[PDB]
There are 2 protein chains.
Amino acid sequence: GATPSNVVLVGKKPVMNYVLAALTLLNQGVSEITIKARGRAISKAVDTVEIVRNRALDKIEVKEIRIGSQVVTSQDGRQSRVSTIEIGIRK
Amino acid sequence: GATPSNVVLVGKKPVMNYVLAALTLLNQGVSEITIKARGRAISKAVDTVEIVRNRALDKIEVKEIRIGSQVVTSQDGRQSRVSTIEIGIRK
(Lines give C-alpha, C1' and ligand atoms only; values in the text may rest on other atoms or scores of the structure.)
Protein backbone atom coordinates (compact mmCIF):
# COMPACT_ATOMS: atom_id res chain seq x y z
CA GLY A 1 0.00 0.00 0.00
CA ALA A 2 3.04 2.26 0.30
CA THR A 3 4.00 2.53 -3.39
CA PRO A 4 2.59 5.48 -5.37
CA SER A 5 -0.95 4.86 -6.54
CA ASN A 6 -0.58 3.37 -10.01
CA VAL A 7 -3.95 4.55 -11.42
CA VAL A 8 -4.41 7.45 -13.83
CA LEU A 9 -8.07 8.52 -13.99
CA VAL A 10 -8.62 10.21 -17.35
CA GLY A 11 -11.37 12.84 -17.40
CA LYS A 12 -12.09 16.28 -18.87
CA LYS A 13 -8.59 17.82 -18.76
CA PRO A 14 -6.31 18.21 -21.81
CA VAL A 15 -4.78 14.87 -22.76
CA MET A 16 -1.22 15.98 -21.99
CA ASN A 17 -2.10 16.29 -18.29
CA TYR A 18 -2.74 12.55 -18.15
CA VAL A 19 0.36 11.85 -20.24
CA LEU A 20 2.38 13.77 -17.65
CA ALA A 21 0.77 11.79 -14.81
CA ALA A 22 1.72 8.46 -16.41
CA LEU A 23 5.27 9.63 -17.14
CA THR A 24 5.64 10.81 -13.54
CA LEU A 25 4.67 7.33 -12.35
CA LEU A 26 7.22 5.72 -14.70
CA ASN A 27 9.93 7.97 -13.22
CA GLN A 28 8.98 6.90 -9.70
CA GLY A 29 9.82 3.31 -10.62
CA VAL A 30 6.18 2.22 -10.96
CA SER A 31 6.44 -0.32 -13.77
CA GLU A 32 2.71 -1.16 -14.10
CA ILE A 33 0.12 1.59 -14.54
CA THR A 34 -3.65 1.43 -15.07
CA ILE A 35 -5.41 4.09 -17.17
CA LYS A 36 -9.17 4.29 -16.45
CA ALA A 37 -11.90 6.37 -18.04
CA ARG A 38 -15.65 6.55 -18.61
CA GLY A 39 -17.90 7.76 -21.37
CA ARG A 40 -16.47 10.25 -23.87
CA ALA A 41 -13.11 10.18 -22.06
CA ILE A 42 -12.58 6.60 -23.26
CA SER A 43 -11.02 7.89 -26.49
CA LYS A 44 -8.73 10.17 -24.45
CA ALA A 45 -7.64 7.20 -22.34
CA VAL A 46 -6.51 5.40 -25.50
CA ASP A 47 -4.74 8.56 -26.73
CA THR A 48 -3.01 8.86 -23.34
CA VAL A 49 -1.61 5.33 -23.65
CA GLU A 50 -0.54 5.74 -27.26
CA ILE A 51 1.13 9.10 -26.65
CA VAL A 52 3.00 7.70 -23.64
CA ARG A 53 4.17 4.69 -25.69
CA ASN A 54 6.08 7.23 -27.84
CA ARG A 55 7.17 9.67 -25.04
CA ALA A 56 8.74 6.88 -22.95
CA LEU A 57 11.23 5.77 -25.64
CA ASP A 58 11.90 2.36 -23.13
CA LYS A 59 9.26 -0.04 -24.44
CA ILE A 60 5.78 0.32 -22.92
CA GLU A 61 3.40 -2.56 -23.64
CA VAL A 62 -0.36 -2.86 -23.27
CA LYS A 63 -0.81 -5.72 -20.78
CA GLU A 64 -4.61 -5.86 -20.44
CA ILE A 65 -7.68 -3.98 -21.66
CA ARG A 66 -11.14 -4.32 -20.15
CA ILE A 67 -14.33 -2.60 -21.26
CA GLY A 68 -17.58 -2.56 -19.39
CA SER A 69 -20.42 -0.54 -17.96
CA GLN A 70 -21.12 1.20 -14.68
CA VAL A 71 -24.41 2.39 -13.29
CA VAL A 72 -24.97 6.10 -12.64
CA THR A 73 -27.59 6.65 -9.92
CA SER A 74 -29.35 10.02 -10.03
CA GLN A 75 -30.36 12.13 -7.05
CA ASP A 76 -33.93 10.78 -7.33
CA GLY A 77 -32.91 7.13 -7.85
CA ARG A 78 -33.05 6.71 -11.62
CA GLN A 79 -30.21 4.59 -13.00
CA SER A 80 -28.44 4.89 -16.32
CA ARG A 81 -25.50 3.19 -18.04
CA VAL A 82 -22.04 4.60 -18.77
CA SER A 83 -19.25 2.78 -20.60
CA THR A 84 -15.85 2.23 -18.98
CA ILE A 85 -12.36 1.31 -20.14
CA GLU A 86 -9.35 0.16 -18.12
CA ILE A 87 -5.94 -0.21 -19.80
CA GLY A 88 -2.98 -1.79 -18.05
CA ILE A 89 0.45 -0.83 -19.37
CA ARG A 90 3.85 -2.08 -18.29
CA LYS A 91 7.43 -0.94 -18.70
CA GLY B 1 -15.34 -15.46 -48.18
CA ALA B 2 -19.06 -15.66 -48.93
CA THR B 3 -20.38 -15.00 -45.42
CA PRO B 4 -21.49 -11.44 -44.55
CA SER B 5 -18.60 -9.17 -43.71
CA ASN B 6 -18.30 -9.29 -39.93
CA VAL B 7 -16.79 -5.81 -39.40
CA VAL B 8 -18.68 -2.78 -38.11
CA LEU B 9 -16.68 0.40 -38.73
CA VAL B 10 -17.84 3.00 -36.22
CA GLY B 11 -17.56 6.61 -37.39
CA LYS B 12 -19.48 9.88 -37.05
CA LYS B 13 -23.06 8.58 -37.26
CA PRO B 14 -25.42 8.26 -34.27
CA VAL B 15 -24.48 5.28 -32.12
CA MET B 16 -27.74 3.40 -32.77
CA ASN B 17 -26.78 3.11 -36.46
CA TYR B 18 -23.84 0.91 -35.48
CA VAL B 19 -25.93 -0.96 -32.89
CA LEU B 20 -28.37 -1.83 -35.67
CA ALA B 21 -25.53 -2.93 -37.95
CA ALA B 22 -24.21 -5.36 -35.32
CA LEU B 23 -27.67 -6.72 -34.54
CA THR B 24 -28.30 -7.25 -38.27
CA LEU B 25 -25.13 -9.35 -38.42
CA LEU B 26 -26.28 -11.36 -35.39
CA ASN B 27 -29.63 -11.98 -37.13
CA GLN B 28 -27.71 -13.27 -40.16
CA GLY B 29 -26.08 -15.99 -38.05
CA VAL B 30 -22.70 -14.25 -37.82
CA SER B 31 -21.55 -15.16 -34.30
CA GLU B 32 -18.21 -13.27 -34.27
CA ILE B 33 -18.20 -9.55 -35.05
CA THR B 34 -15.38 -6.99 -34.95
CA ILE B 35 -16.13 -3.36 -34.04
CA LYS B 36 -13.41 -0.94 -35.27
CA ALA B 37 -12.96 2.79 -34.79
CA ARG B 38 -10.37 5.56 -34.72
CA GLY B 39 -9.88 8.80 -32.85
CA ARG B 40 -12.90 10.28 -31.10
CA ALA B 41 -15.07 7.41 -32.37
CA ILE B 42 -13.27 5.03 -29.98
CA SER B 43 -15.72 6.00 -27.22
CA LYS B 44 -18.63 5.26 -29.55
CA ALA B 45 -17.19 1.85 -30.43
CA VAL B 46 -17.24 0.88 -26.76
CA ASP B 47 -20.79 2.24 -26.37
CA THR B 48 -21.82 0.24 -29.46
CA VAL B 49 -20.58 -2.98 -27.88
CA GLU B 50 -22.11 -2.32 -24.48
CA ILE B 51 -25.52 -1.30 -25.93
CA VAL B 52 -25.57 -4.44 -28.17
CA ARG B 53 -24.76 -6.70 -25.17
CA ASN B 54 -28.16 -5.60 -23.76
CA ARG B 55 -30.19 -5.43 -27.02
CA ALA B 56 -29.01 -8.98 -28.06
CA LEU B 57 -30.76 -10.57 -25.05
CA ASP B 58 -28.45 -14.15 -26.30
CA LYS B 59 -25.26 -13.56 -24.30
CA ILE B 60 -22.72 -11.46 -26.22
CA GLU B 61 -19.20 -11.57 -24.80
CA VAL B 62 -16.10 -9.46 -25.43
CA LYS B 63 -13.51 -11.84 -26.91
CA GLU B 64 -10.51 -9.58 -27.58
CA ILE B 65 -9.70 -5.87 -27.45
CA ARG B 66 -6.72 -4.30 -29.22
CA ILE B 67 -5.65 -0.66 -29.21
CA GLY B 68 -3.02 0.89 -31.38
CA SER B 69 -2.10 3.71 -33.70
CA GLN B 70 -2.25 4.33 -37.41
CA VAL B 71 -0.48 6.89 -39.54
CA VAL B 72 -2.45 9.54 -41.41
CA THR B 73 -0.53 10.82 -44.46
CA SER B 74 -1.47 14.31 -45.64
CA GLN B 75 -1.73 15.47 -49.25
CA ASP B 76 1.79 16.95 -48.98
CA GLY B 77 3.42 13.99 -47.22
CA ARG B 78 3.30 14.98 -43.56
CA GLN B 79 2.38 12.11 -41.23
CA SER B 80 0.46 12.17 -37.97
CA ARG B 81 -0.80 9.63 -35.45
CA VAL B 82 -4.38 8.54 -34.80
CA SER B 83 -5.48 6.05 -32.14
CA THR B 84 -7.43 2.91 -33.06
CA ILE B 85 -9.54 0.35 -31.23
CA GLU B 86 -10.69 -3.08 -32.39
CA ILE B 87 -13.19 -5.06 -30.29
CA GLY B 88 -14.13 -8.65 -31.06
CA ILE B 89 -17.47 -9.84 -29.68
CA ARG B 90 -19.06 -13.29 -29.79
CA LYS B 91 -22.46 -14.87 -29.30
Side-chain angles (χ1 to χ4, degrees), chain A residues 4-25 30 32-53 60-75 77-90, chain B residues 8-23 26 32-69 82-91:
Chain A
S5 169
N6 77 341
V7 174
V8 177
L9 192 58
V10 169
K12 295 308 208 302
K13 303 294 190 63
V15 65
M16 283 287 280
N17 286 74
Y18 307 112
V19 169
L20 171 66
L23 294 178
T24 302
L25 279 165
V30 174
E32 298 185 0
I33 294 171
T34 295
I35 313 307
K36 304 181 161 212
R38 299 179 162 199
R40 289 175 330 273
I42 283 169
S43 68
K44 186 182 290 168
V46 180
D47 276 334
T48 297
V49 168
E50 286 303 285
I51 293 161
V52 163
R53 158 182 307 260
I60 304 297
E61 81 179 9
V62 178
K63 162 183 163 153
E64 205 194 341
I65 310 166
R66 284 169 82 191
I67 62 168
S69 290
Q70 291 257 21
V71 176
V72 178
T73 302
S74 80
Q75 203 89 16
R78 290 175 272 168
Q79 286 185 317
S80 65
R81 196 198 63 74
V82 69
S83 292
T84 64
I85 199 163
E86 295 197 350
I87 306 160
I89 69 190
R90 163 198 281 134
Chain B
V8 178
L9 188 59
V10 171
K12 302 303 92 173
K13 300 293 179 68
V15 68
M16 286 305 267
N17 279 278
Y18 308 111
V19 168
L20 169 68
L23 296 173
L26 294 174
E32 277 167 355
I33 293 165
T34 293
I35 313 302
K36 302 198 109 163
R38 56 169 55 180
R40 271 54 166 179
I42 285 167
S43 296
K44 184 179 292 167
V46 180
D47 264 352
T48 291
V49 167
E50 290 301 286
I51 295 167
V52 162
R53 290 179 60 260
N54 293 317
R55 296 284 281 184
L57 297 172
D58 298 4
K59 300 295 184 178
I60 304 306
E61 312 198 351
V62 182
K63 170 178 190 201
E64 186 182 11
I65 312 166
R66 272 170 300 162
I67 65 168
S69 291
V82 67
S83 289
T84 63
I85 199 162
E86 184 185 323
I87 306 167
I89 67 180
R90 172 154 56 229
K91 182 175 74 178

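All values below were derived from every heavy atom in this structure, side-chain atoms included, with hydrogens, water molecules and symmetry-related copies excluded. Letters go in sequence order (proteins before strands), and every chain restarts at 1.
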With side chains defined as the heavy atoms from C-beta onward, is the minimum distance between [X] and [Y] less than 4.5 Å?
| X | Y | value |
| --- | --- | --- |
| B/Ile42 | B/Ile67 | no |
| A/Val19 | A/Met16 | yes |
| A/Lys44 | A/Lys13 | no |
| B/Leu23 | B/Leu26 | yes |
| B/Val62 | B/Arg53 | yes |
| B/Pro14 | B/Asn17 | yes |

Go through the steps to decide whether B/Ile33 and B/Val52 satisfy the test side-chain contact (heavy atoms from CB on, under 4.5 Å), and finish with yes or no.
-> CA-CA 11 Å; B/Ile33 293 165; B/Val52 162; over 6 Å; no

More than 12 foreign heavy atoms under 6.0 Å from NZ of B/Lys59: is that the case here?
->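 No, the 6.0 Å shell around NZ holds no more than 12 heavy atoms from other groups.
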
B/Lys36 atom NZ, over 12 foreign heavy atoms within 6.0 Å = no

Determine the minimum heavy-atom distance between [X] and [Y], stating which atoms define it.
| X | Y | answer |
| --- | --- | --- |
| B/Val10 | B/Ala45 | CG1-N, 3.9 Å |
| A/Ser43 | B/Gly39 | CB-O, 3.5 Å |
| B/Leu9 | B/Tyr18 | O-CE2, 3.3 Å |
| B/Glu50 | A/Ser69 | OE1-OG, 2.7 Å |

If you round to the nearest 0.5 Å, how far is [atom2] of [Y] from [atom1] of [X]?
| X | Y | atom1 | atom2 | result |
| --- | --- | --- | --- | --- |
| A/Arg66 | A/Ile85 | CZ | CD1 | 12.0 Å |
| A/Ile51 | A/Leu20 | CD1 | CG | 12.0 Å |
| A/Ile87 | A/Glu64 | CD1 | CD | 11.0 Å |
| B/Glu86 | B/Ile35 | CD | CD1 | 10.0 Å |
| B/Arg38 | B/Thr84 | CZ | OG1 | 7.5 Å |
| B/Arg55 | B/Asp58 | CZ | CG | 13.5 Å |

State whether B/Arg90 and B/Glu61 are salt-bridged, where the test is any N-O pair (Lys NZ or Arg NE/NH1/NH2 against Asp/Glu carboxylate O) under 4.0 Å.
->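 Result for this pair is no, no salt bridge flagged.
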
Under the side-chain hydrogen bond (donor to acceptor under 3.5 Å, both in side chains) test, residues paired with B/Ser83 that sit two or more places apart =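 side-chain hydrogen bond (donor to acceptor under 3.5 Å, both in side chains) check on B/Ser83 returns A/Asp47, B/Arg81.
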
